[PDB]
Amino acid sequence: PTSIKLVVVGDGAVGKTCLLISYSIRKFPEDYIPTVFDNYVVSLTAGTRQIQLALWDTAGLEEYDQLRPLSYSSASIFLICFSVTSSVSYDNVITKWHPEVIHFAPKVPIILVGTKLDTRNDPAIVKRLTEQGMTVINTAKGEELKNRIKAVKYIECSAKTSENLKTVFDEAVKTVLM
C-alpha cells in the first residue's frame, strides 16, 4: 500500500483541525482547542490501489513557530488554509505560510484551501467585518492567491456543512498520485 503525507498549515482558528476531523470521521468538533501537534492516518482506495493517507495537523499559533517545522520532513503535499471570512488569514498566507512552506519544502505541491465557506453568506458575519474595515474573501480573490503562490489548486469548503470537504482530500490524493 502507498503512503502519502499531507501537512496542513494556516492561521490559528482558520479550521485546520475541523477540516481533518470532519473529513476523516464524519464529525464536526465545534469546541476550539488550539493544536500543538497531532498526527493521524486513514485508509483510502484510489482505484484498486490501497492508500495510507497520513494527516499531519500543525499549530497556527505563533507560540509554536519554532516547533512547527518538525512536521515538514518528507511531505507529500501541503494544504495552506485561510478562512474566507478572515482577510487577515488570507494576508498571512502571503506574509508567513507560503514563505514558511517553500523555505523547507520548495518542491512540494501546495493546495490552497479557503475554509468556512458557510460563513461567507452569513449576513451577521459580514456586519462584523464591515464595521471593522475588513472584507469577505470572494472566490476570485481566492484564485488570485492561488496563482500568486503557485498553488496547484484552490478549493473552498465548509467543515461544518461538508460542502466541498471531500473534494479537498480527493484532489490532494490525486495531485500526489499523478
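Quick note: we count residues from 1 along the sequence shown, nothing fancier.
Engineer: Should the higher mean CA B-factor in the entry be assigned to 119-127 or to 50-58?
Structural biologist: Mean B over CA atoms: larger for 119-127.
Engineer: What stretch has the higher average Cα B-factor here, 62-70 or 142-150?
Structural biologist: Mean C-alpha B-factor is greater for 142-150.
Engineer: Among the choices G133, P109, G114, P34, identify the one whose CA B-factor in the record is greatest.
Structural biologist: It is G133.
Engineer: Per the entry's values, where does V176 land by CA temperature factor relative to the rest of its chain, in the lowest, middle or highest third?
Structural biologist: It belongs to the highest third of the chain when residues are ordered by C-alpha B-factor.
Engineer: Place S43 in the lowest, middle or highest third of its chain's C-alpha B-factors, as listed in the PDB entry.
Structural biologist: Within its chain, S43 is a middle-third residue by C-alpha B-factor, going by the deposited values.
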